[PDB]
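Let me begin by presenting the structure, written as structure tokens, before commenting on it.
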Amino acid sequence: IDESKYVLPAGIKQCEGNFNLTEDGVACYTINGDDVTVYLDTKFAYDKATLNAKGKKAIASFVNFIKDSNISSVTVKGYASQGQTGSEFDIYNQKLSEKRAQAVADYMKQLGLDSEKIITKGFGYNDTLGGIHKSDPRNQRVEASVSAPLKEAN
């Protein structure tokens, strides 16, 4: 006798298997029961902390979900690839990754999200993606995930 209809995050599609092994910026969702979780994987060109159009489209939809879910805070994590076999550039890439997270967060603020709701972390070329080489450009990225109950349709 149930009639309630729940609605999916706007402009975001369900995550495919290994959704982070895309070399494109993406935002996707998974459902676990009645709670939805949205992921953001924004990619960057080599040595760049600038956003591209794909990244910006993804972020905008990510933010639209945060503002609609009345979500409290989002942690924005930046990463880098390890381009060279030693540790000469570990601090360099740590800073790079921080700059990437800061880029993502700056754009979120342009979109009408408040700076207090945003926490940024850089990781350098640690936590590189599983299954690929550490120097793969897909490691050059910012990640974030938020969760919220599924909204009833209205």
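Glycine also receives a Cβ, built like all others from the backbone with ideal geometry; neighbour counts cover every protein chain displayed. Just so you know, all these numbers are worked out from the coordinates, no wet-lab data involved.
Numerical summary
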| quantity | calculated |
| --- | --- |
| Residue 144, sole failed condition from (1) more than 20 Å from residue 26 (Cα to Cα); (2) among the small types (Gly, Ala, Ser); (3) crowded, with 19+ Cβ neighbours inside 10 Å | (1) |
| Residue count, the stretch 1-19 (criterion: in contact with a strand residue (DSSP E or B) (Cβ under 9 Å, 6 or more places away or on another chain) and either closer than 10 Å to residue 150 by Cβ or in contact (Cβ under 8 Å) with a residue 40 or more places away in the chain (or both)) | 8 |
| Hey, residue 91 surrounded by fewer than 21 Cβ atoms within 10 Å (Cβ to Cβ), out of contact with any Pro (no Cβ under 8 Å at 6 or more places or on another chain) and part of a strand (DSSP E or B) or not | no |
| Some residue of the stretch 113-123 being within 13 Å of the chain's Cα centre (by Cα), part of a loop (DSSP other than H, G, I, E, B) and among the aromatic types (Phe, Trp, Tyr) | no |
| Within the stretch 3-19, considering residues that are surrounded by 13 or more Cβ atoms within 10 Å (Cβ to Cβ), at negative phi and in a loop (DSSP other than H, G, I, E, B), the one farthest from the chain's Cα centre (by Cα) | 8 |
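Quick grid of which residues meet (1) in contact with a helix residue (DSSP H, G or I) (Cβ under 8 Å, 6 or more places away or on another chain); (2) under 22 Å from residue 124 (Cα atoms); (3) not aromatic (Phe, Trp, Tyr):
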position	(1), (2), (3)
45	yes, yes, yes
49	yes, yes, yes
57	no, no, yes
61	no, no, yes
69	no, no, yes
75	no, yes, yes
90	no, yes, yes
